[PDB]
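To start, the structure under review is shown below, and the notes come after it.
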Amino acid sequence: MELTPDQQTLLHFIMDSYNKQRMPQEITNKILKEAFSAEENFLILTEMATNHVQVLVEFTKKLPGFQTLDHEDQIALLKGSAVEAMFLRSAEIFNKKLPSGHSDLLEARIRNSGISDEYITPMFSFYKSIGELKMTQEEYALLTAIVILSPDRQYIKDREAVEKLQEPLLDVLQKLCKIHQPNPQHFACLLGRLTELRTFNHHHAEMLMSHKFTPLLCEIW
Amino acid sequence: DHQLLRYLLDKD
Ligand SMILES: Cc1onc(-c2ccc(Cl)cc2Cl)c1C(=O)N(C1CCCCC1)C1CCCCC1
């Protein structure tokens with residue numbers, strides 16, 4: 001029927017950390033004002049990417065139990081979930097945070113930045129697909145926390161300790177789906193987005209092959 | 001390796 005006091009606590013802590021995330025106004029302004037060319041457009045995206053990583057590192061550190069993990073496991077989680085967590089954040093920015101005029105200018109910059117349509121087309125399909133679900137802020141926060149605390153990233157020493165942090169989050173999300181949408185396939189649809197995000201590791205890897213970025217981007221990718 | 005990443009992780 002409802003979340004236990006322990007599950008409410010976990011959700012509260014995650015929501016707090018999710019709400020403290022902010023895309024600077026300086027960045028939204030650049031989307032609107034900066035010169036329109038492949039080099040300038042690619043440079044704005046590079047800036048947005050660096051900021052997403054900074055925002056996601058700050059969110060991750062505050063996740064319940066993340067700090068109890070080994071420091072080397074903490075880095076493997078950040079490096080392994082980067083691409084996936086960024087797309088999830090960029091989808092929320094594109095679908096919910098930006099005004100309708102700004103989204104249009106951003107799409108125009110994305111499509112004219114040197115990045116292949118082979119990458120850009122499933123990105124926008126994913127954006128439309130996540131937009132269709134009409135996800136609450138709780139669902140975006142929990143999915144982001146679930147993506148980050150994935151126990152099957154490369155170079156994780158203590159996978160079991162990571163599982164113990166991810167599993168109660170999966171339990172909370174399913175319970176929320178039952179409470180908010182008592183549409184019984186809503187959880188399965190959210191899981192579908194998790195597997196859809198995984199395909200982006202492949203499109204990003206093929207893009208990287210063809211220090212044009214930032215030191216944080218070179219380190220995390 | 002991961003010097004910038006470690007810094008953001010260890011700050012406060
Ligand atoms: C990973 C990753 O996850 N989300 C993004 C993202 C999406 C949309 C915006 Cl407007 C901004 C970003 Cl950062 C993102 C990423 O880093 N991208 C995107 C690649 C697919 C086309 C859009 C840009 C490139 C990568 C090369 C360097 C420049 C930024």
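In what follows, every heavy atom counts, from backbone to side chain, and hydrogens, waters and symmetry copies are set aside. Throughout, a chain's letter reflects where its sequence line sits, starting with A, and its residues are numbered from 1. Just so you know, ligand 1 is whichever comes first in the structure, and atom 1 is the first atom listed for that ligand.
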Parallel, tilted or perpendicular: ring planes of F213(A) versus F42(A), cut at 30 and 60 degrees: tilted
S150(A) and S81(A) side chains, donor-acceptor separation under 3.5 Å: no
Return a table of N or O atom pairs, ligand 1 on one side and protein on the other, at distances under 3.5 Å, rounded to 0.1 Å.
| residue | atom | partner | partner atom | Å |
| --- | --- | --- | --- | --- |
| ligand 1 | 3 (O) | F87(A) | N | 3.3 |
| ligand 1 | 4 (N) | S90(A) | OG | 3.4 |

Candidate pair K61(A) and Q67(A), rule side-chain hydrogen bond (donor to acceptor under 3.5 Å, both in side chains), full reasoning: CA-CA 6 Å; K61(A) 286 158 66 189; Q67(A) 274 155 353; over 6 Å; no
Counterpart residues, ring-ring contact (aromatic ring centres under 6.0 Å, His included), relative to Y140(A) (two or more places apart): none
Side-chain H-bond candidate by donor/acceptor type, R89(A) with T144(A), under 3.5 Å: no
Validation row, ring centre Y127(A) to ring centre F87(A) under 6.0 Å: no
